[PDB]
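Encoded as structure tokens, the following chain is the form deposited in one PDB entry, with no partner shown.
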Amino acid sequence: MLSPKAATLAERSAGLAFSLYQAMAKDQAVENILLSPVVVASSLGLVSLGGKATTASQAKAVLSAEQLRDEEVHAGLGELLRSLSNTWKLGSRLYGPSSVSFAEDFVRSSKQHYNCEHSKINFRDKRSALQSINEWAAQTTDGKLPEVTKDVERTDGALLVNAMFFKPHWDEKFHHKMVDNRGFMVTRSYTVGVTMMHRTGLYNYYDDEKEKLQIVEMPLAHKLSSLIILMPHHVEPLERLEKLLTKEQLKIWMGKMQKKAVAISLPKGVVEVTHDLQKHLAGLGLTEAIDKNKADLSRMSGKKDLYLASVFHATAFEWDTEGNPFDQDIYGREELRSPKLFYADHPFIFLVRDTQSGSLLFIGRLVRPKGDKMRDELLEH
């Protein structure tokens, strides 16, 4: 269980994730979203630890922890991260330019609370500078996230990179052979070739006929956490559902659910997402760190114009059939008679909520999965 200072930070990290998710939803270039509230909070905590006066106070104000000591904030955020690492790989690394040399005071404290790694990099040889970042990201997730970024835009400051891999292990596993190729409609006309996993069981379900959407709670291993999926009735951009997505509406929808027979069909595969949160973090409040001329990262190194060039938040979310074994031949002869069809073959939103602490672990959407495009085909069966 989390401490009281950590619990209030966790409460704010969840709200900060909805705030950041909404900002990214409005971006037209953004397709798939994947944010871990705790890892996003850790990024701001590292800016409060390395920054000073305006740069540091902005990070605490974004985290609503301005009315707390720096030592309380760093111990509180370090405590959140320790409750994640208990199917889940995470590494943080600060990449400063070749000339820049990190302070021993900062390196000791960041590795203690946030478990931050440090590495200098020469951006002149871009083919080798990008290689070094992508190799570290691949080694952190054991190949599950090979390339994080194809090009680094701001090559004159500090670059925080957060590499992640999360594979939700189900409470009731899907059968390994209940997998077949189906088409995922990105838009009404556009469709991609995907592999799909299917299972029918008992899940907390609510079909909002007024708002035209479906919501299902899929528990993960030993019901410690659960994966909630919100999806519209028909193929449409998620902008409509995203407006209705709030922390309090979600609580309302979860109360309206009931354990019903659901025939769930999800897309099996790995979803790689890289987000340079630097531009979106400026909108939330941190404008001094992102600015080249106003950044005060003096406690981090003691370098003139050392600014937060980029905040990469790369994730590899794996949808797989693996899970705990369900009791075969259970009392479901008439229970699974007419299951509700949750056929996820079009864009949907998902959340990984902790059951006991209530803290949000992940938030995102699947708009365009990894797959080939289709096509000038009118060939009927």
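Sequential numbering from 1, following the sequence displayed. Between two forms, the rigid core is defined as the largest C-alpha subset superposing within 1.5 Å.
Below: the form solved in complex with a partner chain, not depicted.
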| said: Would you classify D345 as touching the partner chain in the entry with it bound, given a 4.5 Å non-hydrogen atom cut-off? | reply: yes
| query | Going by a heavy atom distance of 4.5 Å, is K223 a contact of the partner chain in the entry with it bound? | reply | no
| message | Taking the partner chain as it sits in the entry with it bound, is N134 in contact with it (heavy atom to heavy atom, 4.5 Å or less)? | response | no
| said: Residue-level contact is defined here as any heavy atom of the residue lying within 4.5 Å of the partner chain in the entry with it bound; does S265 satisfy this criterion? | reply: yes
| task | Using a 4.5 Å heavy atom cut-off, indicate which stretch of 60-68, 350-358, 336-344, 36-44 touches the partner chain in the entry with it bound. | result | 336-344
| request: Could you work out which of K111, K256, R124, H175 is the residue within 4.5 angstroms of the partner chain in the entry with it bound, going by heavy atoms? | output: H175
| note | As a check of understanding, the residue in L245, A103, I228, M185 with any heavy atom within 4.5 Å of the partner chain in the entry with it bound should be identified as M185
| query | Has the Cα of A53 moved 2 Å or more between the shown form and the other one, judged after a core fit? | reply | no
| field | Did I330 shift 2 Å or more between the shown form and the other one, C-alpha, core superposed | value | yes
| field | Cα-Cα shift for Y331 and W319, closer or farther in the entry with it bound, minimum 3 Å | value | closer
| Once you compare with this form, do the C-alpha atoms of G332 and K256 lie closer or farther in the entry with it bound, given a change of 3 Å or more? | farther
